[PDB]
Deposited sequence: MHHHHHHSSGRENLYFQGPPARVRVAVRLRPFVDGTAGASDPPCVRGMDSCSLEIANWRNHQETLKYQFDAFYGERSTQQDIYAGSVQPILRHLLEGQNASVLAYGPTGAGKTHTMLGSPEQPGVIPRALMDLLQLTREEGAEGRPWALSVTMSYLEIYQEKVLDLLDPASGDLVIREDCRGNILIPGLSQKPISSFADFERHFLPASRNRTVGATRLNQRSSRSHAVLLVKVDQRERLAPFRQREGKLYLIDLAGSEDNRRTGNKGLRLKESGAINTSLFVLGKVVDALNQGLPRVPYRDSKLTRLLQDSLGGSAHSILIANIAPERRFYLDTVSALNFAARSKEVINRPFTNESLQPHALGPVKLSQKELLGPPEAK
């Protein structure tokens, strides 16, 4: 319901990468002033892929098996480390390979033969570019329309869904679709379909979003404005300040995530930042965007 409890918060974290939970940064407008940003978590340069994942992502997976939705988004300027955090490499796997291994192992266990629940994992992969929704699994299929059902579920009819059981099944569809990317939102959707095999025969579904956003060079508060980054900011603020109006419908991203941001959903936004001087303006801007609180000290 709209009333009877405020909406769930959007958790916010900062990941400061090495040179290649409050943060303090110099104010180059006034050198007597220091900018102090507050987050739900802070991961410094010594924080590894497993630290990010065990600290902020692993704990929300169990909520997908309760029929709850979850969103993980990497925000920040190009070069900051969004793709490193979200995808990573075979040496240092990111959030996506870690959550996929865990979720598939969890569903292979909880949905095994003889278990009271039948579990089926599917995947979808899309891109948000210039407010157009594009299926990365079925390219050259056009701008997709986002709909809503009578129960409040967000759905994209005809967006391709691939059934997956093992990691190889995930790799089969994901790796080729992964291969501009700095200027578009990469949305991986992992859907857990749950069927009770004994009375009362309940049916659940948990949707997990893993998002590698467009570079925040395109999101300096009032460079071009990315409608979906701008509206995400408004939506995150509305949810984390308890404002009566949340403008989900003002962008494709927030409309797609309407049932996976706020409500009873679990969500984590990671503000990826870099330590180099050449990033300073985009660092300040990413911190203003994502911080749950800000002070001038």
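- Missing from the model, by position in the deposited sequence, are residues 1-13, 34-50, 210-220, 264-273, 349-379.
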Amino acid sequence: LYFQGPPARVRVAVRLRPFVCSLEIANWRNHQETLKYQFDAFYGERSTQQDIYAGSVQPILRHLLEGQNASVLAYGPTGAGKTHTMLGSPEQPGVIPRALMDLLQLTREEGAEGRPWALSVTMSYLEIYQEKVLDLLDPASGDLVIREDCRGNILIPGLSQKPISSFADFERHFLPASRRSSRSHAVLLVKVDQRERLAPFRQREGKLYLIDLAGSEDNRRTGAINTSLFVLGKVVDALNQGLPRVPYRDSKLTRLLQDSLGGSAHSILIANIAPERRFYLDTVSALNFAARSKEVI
From here on, numbers count along this sequence of modelled residues.
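- The mean Cα B-factor in the deposited entry runs higher for 162-170 than for the other of 187-195 and 162-170.
- Mean C-alpha B-factor is higher over 23-31 than over the other stretch, the pair under comparison being 228-236 and 23-31.
- Highest C-alpha temperature factor among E217, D149, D102, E131, as the PDB entry reports it: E217.
- Between the residues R98, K82, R204, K207, it is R204 that shows the highest Cα B-factor in the PDB record.
- Per the deposited record, the Cα B-factor of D212 falls in the lowest third when ranked against the other modelled residues of its chain.
- For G242, the recorded CA temperature factor ranks within the highest third of the chain's modelled residues.
- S71 sits in the lowest third of its chain by CA B factor, as recorded in the PDB entry.
- Per-chain ranking of the deposited C-alpha B factor places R277 in the highest third.
- Sort the chain's modelled residues by C-alpha temperature factor and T78 lands in the lowest third, per the entry.
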